[PDB]
Amino acid sequence: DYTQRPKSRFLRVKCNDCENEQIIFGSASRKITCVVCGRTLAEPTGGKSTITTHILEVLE
Amino acid sequence: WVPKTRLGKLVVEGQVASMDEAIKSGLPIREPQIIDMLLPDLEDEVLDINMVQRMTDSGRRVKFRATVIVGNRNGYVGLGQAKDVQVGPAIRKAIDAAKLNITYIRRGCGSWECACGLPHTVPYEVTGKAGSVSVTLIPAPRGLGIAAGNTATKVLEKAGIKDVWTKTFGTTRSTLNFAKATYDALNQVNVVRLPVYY
Amino acid sequence: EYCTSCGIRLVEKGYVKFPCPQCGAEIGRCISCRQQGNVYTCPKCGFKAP
Amino acid sequence: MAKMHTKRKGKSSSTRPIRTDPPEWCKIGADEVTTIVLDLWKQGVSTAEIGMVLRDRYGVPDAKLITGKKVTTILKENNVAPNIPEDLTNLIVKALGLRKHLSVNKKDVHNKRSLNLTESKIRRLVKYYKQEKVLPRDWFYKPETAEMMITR
Amino acid sequence: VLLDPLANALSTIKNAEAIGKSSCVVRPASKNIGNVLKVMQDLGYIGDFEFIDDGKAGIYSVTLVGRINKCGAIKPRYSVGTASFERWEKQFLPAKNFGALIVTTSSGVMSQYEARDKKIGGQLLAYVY
Amino acid sequence: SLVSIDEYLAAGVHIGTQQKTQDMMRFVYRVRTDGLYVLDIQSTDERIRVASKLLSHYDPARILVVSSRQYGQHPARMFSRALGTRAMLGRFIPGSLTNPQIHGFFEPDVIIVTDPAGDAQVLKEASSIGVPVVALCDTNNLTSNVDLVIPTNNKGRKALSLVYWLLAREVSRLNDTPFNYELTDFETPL
RNA sequence: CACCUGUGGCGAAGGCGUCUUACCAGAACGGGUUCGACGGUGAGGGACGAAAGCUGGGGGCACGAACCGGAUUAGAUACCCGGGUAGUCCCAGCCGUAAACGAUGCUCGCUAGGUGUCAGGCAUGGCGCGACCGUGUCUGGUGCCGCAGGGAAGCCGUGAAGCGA
RNA sequence: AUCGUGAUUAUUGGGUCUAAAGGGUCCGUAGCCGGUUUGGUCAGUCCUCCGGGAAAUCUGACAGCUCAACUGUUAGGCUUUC
Ligand SMILES: [Mg+2]
Ligand SMILES: [Mg+2]
Ligand SMILES: [Zn+2]
Ligand SMILES: [Zn+2]
């Protein structure tokens, strides 16, 4: 095609403790801790963030 | 004369009469004694007799780089030069080489002031650069003549071109490059892409 | 006289004329489209080769 | 293109996709994101990473797509914006720190040139903003007196 | 910095013609770019062109049908009247009634033949042949 | 495919070279883990059939076949005998097609090259005279001065014998030539 | 400040090689992050600017213009060899020039390919299937090879000397 | 002498790796060059109008000097770029 697309993609990560339905960005530049209870969903790697809990489904 | 290649056999059989159908055949035209029968009306002129030399252990080698341009004054013209130990064999070798390099250049009237359309000048603007010598073939009004040099007049009168304005860039001293750049410009005459509706 | 990859005129020396390798219709190619491997598409049978 | 004072071109752009709509896979609302932006601003977080923390921990794809407003538009709407742009403040802050370092290392000519390049960028930003009325016409960038963190 | 998109588009068309490529992409599309492409299409020198938006200025997927020889911008865009086209034609163009100059005019952008028909001049935009 | 892909896998035809080119991408379907990139066998048979259609429009005594490699040498001679085409397996004189006073003079109408990179001189000579050429490239070949491309492994003996027999049988069936040669004839002496 | 060391790297250039620490700066890479044309070039003008040299204070192992001596030679005010001052080094300033070179000013779009290696990112196979190393691929550098293109040629050739601004 | 030759002053229309020629590098004002885009104006610009831009010399023809240059009429040019 001619249009550019976001090769980096979102996720649907599920919290390991509070079961929060939070949303995180895959190429995280920050420690995406859980919004609600106690958890760190993924740590900021220079490339792709290392997710610690379940990914329900990778989104666009 | 013994023809050697397929084009020679075709011309001796009578299948190929003019050089246009020989070019349509696509074979290499290598024999100098084919174009003479294909175009008996070929004419040529010696463009310079610049006597080259060369260094040896004892003395100094001498040759002649005489160049002769070949045209027919109707739309066909070719370039060719040769050298040999004597002016006679050198010019005859140049005549042999030139007649093998004849090409067909289409002509018309693309001048901004001329409006005839009948073929008397260049179809449009083109360029010929052999070495640093460069020539632009701007169209000229009918019944005017060639606005170029003496050797340019000879080469474009052999090629059949009648009225042209031009201009020269770079060292124009070399008459050989002048003839070759005129050849390059004439070959770029019939290679530019024209509209289908024209 | 008109290439199937560029359409330029085959007035120069070295133009190759050949029928189609699929339908047999004539397809032309120039030195630049043959030195550079320009893809030629047959306008009749739609044949496309490099 | 090349950079401002070094000719090392680069293409590490952040590829934002063609999104003319808000998310359809997210239940977040405009009120939620604007409340998050205001709270993070009151914490003391600059607008560059406000959107980053929106997009990372809340997964907000873009504040303009959902709210219809960018971060600074929300800041001006709520009277929660600074009087000076963040880029000019960052350049002036770096220049002040670099001048503080250079007042004890007078041999550090390379960082003197770095200070000169940042000064050129500061004057470029001030010229653009005075062109667009963000800053006053008479307030010129004084590199010794009128360059403090909050200018008044 | 990008500061002449029409000349960039015509230089890309020149490069694509020189390689003989049937198709080529046009870097960021503009309204005058579209007007030049439409007038060139009506001249028959250029085949097809589509504005494919990309969340940006927009680009073109131009199908070059192999009908041109060279085409770049006219810099500076000279002011031209109805009695001032023939000198520009003698300069840029190679022959009478061969190739056209893209002109911008208050009536519209068009080759200078149709501008002379309109009896209205303006600024030269480009030349194609 | 006119012949099963398992036969091409067994015969070594699908093995190529560890380095490929960008213009050979269209004839490659998948990268193998070893490094040798497998070509499109369906594309190879398509090119073979198209060339045989093009080679069937001319007499075998006007075709020209050239080869350089030893592994491509025997099947080239088998092709020359089975068709009567004038083959140049082995060393090649640079002025055969040109140079009318030279031994080996020929004036063909189509040229066939067993390997375009190795047979560069034949490509230059054909381009000079203006004879369209159906070539036999590999994964590390370029199609400069080449009209038709045959994507087959020219560095495999079994692959060369199989491909030469396929081209020979295809042309001889298309042009109704009596073809009594079998692949063991075209197979290299092991 | 050796080997380590590279047809490696960083730097605006000049230039930078022991190690540790503190201070500072840029880069590329990743980035549904903030900004909204804020950009390029740029006569004047400004800072940096190799080495030599100059000014003042140090230091002086080595090296080493001058100088002295020993040979060489027709001669030797030179090459060679023995001494060796200023200087090289540091501290505070000045001069402002080099074959300061890629003998290629800087910015952008555009234009066949094959081909090392470096940074980052990314797939996958192995890896004590971990810290790590291989092949592929995008981006930005760093080299060689070269079609078209151009040049008077040597050549240049997505890192132009190609085609435009 | 001066114009042309000579694109040997080059806006048109030149070069600047090795032939004379890239500034050591760089920052950067006046100048100069500038993204796509909606909305408004119309100053340069654009078509047109009206006041001008003396004749003379210039071009062509007619008329008249025997042909001629030349004088008059006339259709154009310049006057320019208000
Ligand atoms: Mg020093
Ligand atoms: Mg320099
Ligand atoms: Zn939680
Ligand atoms: Zn005419």
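Nothing in this text is a laboratory measurement; each read-out follows from the coordinates by a stated rule. Reconstructed Cβ throughout: ideal geometry from the backbone, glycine too, with neighbour counts over all protein chains shown.
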Note to self: I need A:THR53, A:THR45 ordered by Cβ neighbour count within 10 Å, fewest first.
What the structure shows: A:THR45, A:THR53
Notebook entry, point to check: What is the pair-distance distribution P(r) of region B:93-144, computed from all Cα-Cα distances in 5 Å bins starting at 0, with each bin given as a whole percent?
Noted result: 5, 18, 19, 16, 18, 14, 8, 2, 0
Notebook entry, point to check: Across region F:97-105, in residue order, what do the Karplus-derived ³J(HN,Hα) couplings come to in whole Hz, using 6.51 cos²θ - 1.76 cosθ + 1.60 with θ = phi - 60° and x for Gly and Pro?
Noted result: 5, 7, 6, x, 7, 8, 5, x, 5
Next item on the list: Could you work out how far the C-alpha centroid of region F:151-190 sits from that of chain C, in angstrom?
Entry: 29
Check: So, in Å, what gap is there between the alpha-carbon centers of region B:122-198 and chain A?
Finding: 71
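Please tell me the relative contact order of chain D in percent, rounded to the nearest whole number, where contacts are Cα pairs under 8 Å and at least six residues apart. Don't skip to the end; give the middle numbers.
Working: 92 pairs, mean separation 27.6, N = 152.
Relative contact order, chain D: 18 percent.
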Next item on the list: Could you calculate, for region F:102-169, the ratio of the Cα radius of gyration to the Kirkwood radius, expressed as Rg to Rh?
Entry: 0.99
Note to self: I want to verify the translational diffusion coefficient of region E:55-129 in µm²/s; compute it with Stokes-Einstein, Rh as the Kirkwood radius over Cα pairs, at 37 °C and 0.692 mPa s.
What the structure shows: 248
Margin query: Just want the ordering: B:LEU47, B:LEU194, from fewest to most Cβ atoms lying within 10 Å of their own Cβ.
Written below: B:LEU194, B:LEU47
Next item on the list: With a ≥ b ≥ c taken as the square roots of the eigenvalues of the C-alpha gyration tensor of region F:1-49, please select rounded if a/c is under 1.5 and otherwise prolate if a/b is larger than b/c or oblate if it is not?
Entry: oblate
Notebook entry, point to check: Under 16 Å from a point 7 Å along the Cα-to-Cβ line of C:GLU12: which residues of region B:170-185 have their amide N that close?
Noted result: B:183-185
Note to self: With the alpha-carbon atoms as the only input, what is the per residue convex hull volume for chain A in Å³?
What the structure shows: 79
Next item on the list: Quick one: which residues, 5 or more positions from B:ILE29 or on another chain, have an amide H under 5 Å from its amide H? H modelled 1.01 Å from N in the peptide plane, none for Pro or chain starts.
Entry: none
Notebook entry, point to check: Taking Cα centroids, how far is region D:1-46 from region D:101-123 in Å?
Noted result: 31
Notebook entry, point to check: Quick one: Karplus J couplings for region B:65-73, per residue in order, coefficients 6.51, -1.76, 1.60, θ = phi - 60°, nearest Hz, x for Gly and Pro?
Noted result: 9, 4, 10, 10, 9, 10, x, 9, 6
Notebook entry, point to check: For all pairs of alpha-carbon atoms in region B:37-144, what percent lies in each bin of width 5 Å, listed from the first bin to the last filled one?
Noted result: 2, 11, 15, 16, 16, 14, 10, 7, 4, 2, 1, 1, 0
Notebook entry, point to check: What residues of region A:9-27 lie in the reach of a label at A:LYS48, counting those whose backbone N is under 19 Å from a point 7 Å from the Cα along Cα→Cβ?
Noted result: A:9-14, A:23-27
Checklist line | Cα pair distances in chain D, grouped into 5 Å bins until the bin that holds the longest one, percent each | finding: 2, 7, 14, 15, 15, 16, 14, 9, 5, 2, 1, 0
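For a quick check: sort F:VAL131, F:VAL31, D:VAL53 by the number of other beta carbons within 10 angstrom, fewest at the front.
On the way: F:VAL131 21, F:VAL31 11, D:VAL53 17.
Exposure proxy ranking, most exposed first: F:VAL31, D:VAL53, F:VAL131.
If you take each beta carbon of peptide F:16-26 and count the beta carbons of other chains within 10 angstrom, what is the mean? Display every interim value, and only then the final one.
Details: counts 0, 0, 0, 0, 0, 0, 0, 4, 1, 0, 2.
Counting Cβ atoms of other protein chains within 10 Å of each residue's Cβ and averaging gives 1.
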Next item on the list: Give me the percent of Cα-Cα pairs in region F:13-121 that sit more than 19 Å apart, rounded to a whole number.
Entry: 56
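Counting only C-alpha contacts under 8 Å and six or more residues apart, can you give the relative contact order of chain E as a whole percent? Spell out each step's value before the answer.
Details: 228 pairs, mean separation 32.7, N = 129.
Relative CO of chain E lands at 25 percent.
Using per-residue counts of other Cβ atoms within 10 Å, averaged over each peptide, order D:90-98, E:38-46 from highest down.
Working: D:90-98: 17.1, E:38-46: 19.1.
Most protected by this proxy first, the peptides run E:38-46, D:90-98.
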Item checked: Long-range HN-HN contacts of C:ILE27 with modeled amide H, under 5 Å -> C:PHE18, C:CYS20
Check: If you take all C-alpha pairs in region F:55-190, what percent of them are over 27 Å apart?
Finding: 13
Margin query: Place a point 7 Å from Cα of B:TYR104 in the direction of its Cβ. Which residues in region B:136-168 have their backbone N less than 17 Å from it?
Written below: B:159-161
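Provide the FRET efficiency to the nearest 0.05 for the E:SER61-E:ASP4 pair, computing r from the beta carbons and using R0 = 22 Å.
Working: r = 21 Å, r/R0 = 0.97.
The formula returns an efficiency of 0.55 here.
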Notebook entry, point to check: Counting only Cα, what are the radius of gyration and maximum Cα-Cα distance Dmax of region B:1-45, in Å?
Noted result: 9.9, 30
Next item on the list: Calculate, in nm to one decimal, what F:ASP6 and F:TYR58 gain on full extension: separation in residues at 0.36 nm each, minus their alpha carbon distance.
Entry: 15.5 nm
Next item on the list: Scan around B:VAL68 for amide H atoms under 5 Å from its own, H built in the peptide plane at 1.01 Å from N, and keep only partners 5 or more places away or cross-chain.
Entry: B:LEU47, B:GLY80, B:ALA82
Note to self: Using each residue's phi in region E:6-14, evaluate 6.51 cos²θ - 1.76 cosθ + 1.60 at θ = phi - 60° and report the 3J(HN,Hα) Karplus result to the nearest Hz, with x for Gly and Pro.
What the structure shows: 5, 5, 5, 5, 5, 5, 5, 5, 4
Checklist line | Nearest-20 debye value, the protein assembly as shown charge dipole, Cβ charges on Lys, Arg, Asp, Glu | finding: 3040
Note to self: Taking 8 Å as the Cα distance limit and 6 or more residues as the minimum spacing, I'd like the relative contact order of region F:73-175 as a percentage.
What the structure shows: 21
Notebook entry, point to check: Restricting attention to the alpha-carbon atoms of chain E, what are Rg (one decimal) and Dmax (integer), both in Å?
Noted result: 14.1, 43
Notebook entry, point to check: What number, in nm² with one decimal, is the all-direction average of the projected area of the convex hull of the alpha-carbon atoms of chain B?
Noted result: 13.6
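For the protein assembly as shown, count the residues as N, evaluate 2.2 N^0.38 Å, and divide the Cα radius of gyration by that value, please.
Working: Rg = 35.9 Å, N = 779, 2.2 N^0.38 = 27.6 Å.
Here the Cα radius of gyration is 1.30 times the empirical estimate.
Calculate the mean, over all residues of peptide C:3-15, of how many other protein chain Cβ atoms lie within 10 angstrom of the residue's Cβ.
6
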Next item on the list: Averaging over all projection directions, find the projected area of the Cα convex hull of chain C and quote it in nm² with one decimal place.
Entry: 2.9
Item checked: Estimated distance in nm for a label pair at D:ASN116 and F:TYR29, the labels positioned 7 Å out from Cα along Cα-to-Cβ -> 6.4
